[PDB]
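# Analysis of the macromolecular model
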Amino acid sequence: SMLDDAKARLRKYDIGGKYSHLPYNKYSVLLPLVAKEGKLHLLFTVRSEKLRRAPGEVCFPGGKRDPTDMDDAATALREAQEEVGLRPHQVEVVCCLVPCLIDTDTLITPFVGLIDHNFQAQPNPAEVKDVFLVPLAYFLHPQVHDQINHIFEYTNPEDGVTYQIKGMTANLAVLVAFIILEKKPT
Ligand SMILES: Cc1cccc(CC(=O)Nc2cccnc2)c1
């Protein structure tokens, strides 16, 4: 099946806990895969305009590890619940992708999660201004604007709203799309 095929592909790229004990300032992100209308989508947030870091930017759910977290995956799931109301029974964490090093002292660990079809986002407005889906296939043929660095513009055909997706968030989206969608019979 589509979902079994995605999980099988993803597992081949799982680094697991290899980098998890290293003494960094630690953050995790959840790359949430949603199946709608027979296709996979990624779920993104738009960060509230009131956050100090990166107000109004498109981001995956996630945040800083805290002492309660059993592991880095727990961080991602805790933060996703806080930001968009995703409950743990509503997500299957399939793998841990390559971590992202930033600022010389920070390591961001991305986890891919399969999201239950009955999940409906409840954006927490103190953290998230919007939640939206993008089809995973978009990231194979994105609409690129050069601001010099590359920015994706995605327009939701449901409402005509355009989102800008940049940086680590854009990079990770492409990676997930390659992993899951490369070399597939039609
Ligand atoms: C791509 C990336 C880079 C750095 C940190 C994060 C996690 C995060 O802060 N997510 C978040 C927070 C609040 C609202 N929406 C999303 C993600």
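The deposited coordinates for this entry were obtained by X-ray crystallography, with a reported resolution of 1.7400 Å.

Per the UniProt record, "binding site: Mg(2+)" is annotated on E79 and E83. Turning to its location among the elements, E79 is positioned in helix α2 (residues 72-84). Exposure remark for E79: the relative accessible area of 13% places this residue in the buried category. If you trace the backbone, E83 turns up in helix α2. By relative accessible area, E83 is classed as buried at 9%. Setting aside residues up to four positions removed in sequence, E83 forms contacts with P61, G62, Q122, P123, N124, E127 and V128. There is a polar contact of 2.9 Å between the side chain of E83 and the backbone nitrogen of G62.

Lining the immediate environment of the ligand, one finds 14 residues, of which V29, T45, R47, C59 and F60 sit closest. At a separation of 2.7 Å, a nitrogen atom of the ligand approaches a polar side-chain atom of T45. The separation between a nitrogen atom of the ligand and a polar main-chain atom of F60 is 2.9 Å. Expressed as a share of its isolated accessible area of 420 Å², the protein-covered part of the ligand is 87%. Listed by contribution, the elements that provide at least two residues to the shell around the ligand are β2 (39-47), β4 (62-64) and α3 (167-181). Taken together, the residues of the shell around the ligand break down into 7 nonpolar, 4 polar and 3 charged.

It is worth spelling out the pairing of strand β7 (residues 106-115) at this point. Taking burial as the measure, the 10 residues of β7 include 10 buried ones, the bulk of the element. Here β7 shows a buried face lined by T106, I108, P110, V112 and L114 and a second buried face lined by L107, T109, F111, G113 and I115. The pairing of strand β1 (residues 25-36) with β7 spans 9 bridges and is classified as parallel. Looking across to β7, one finds that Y27 is bridged to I108. Sheet topology note: the strand β5 (residues 91-96)/β7 ladder contains 5 bridges and is antiparallel. Bridge pairing in β7 links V93 to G113.

Cut-offs and rules
- Residues numbered from 1 in each chain as written, not as in the entry; some residues may be left out.
- Heavy atoms only, no water.
- Residues with missing side-chain atoms left out of burial classes, pairs and counts.
- UniProt positions renumbered as here; feature names shortened; annotations may be inferred.
- Helix = DSSP H or I, 4+ residues; strand = E, 2+ residues; numbered from the N terminus.
- Buried < 20%, exposed > 50% of the residue type's maximum accessible area, 1.4 Å probe, protein only.
- Contact = heavy atoms within 4.5 Å.
- Polar contact = N/O pair within 3.5 Å; in protein donor to acceptor, adjacent residues only side chain to side chain.
- Near = heavy atom within 4 Å.
- Areas by Shrake-Rupley, 256 points an atom, 1.4 Å probe, with all protein chains shown as cover.
- Nonpolar A, V, L, I, M, F, W, Y, C, P; charged D, E, K, R; others polar.
- Pairing = 2+ DSSP bridges.

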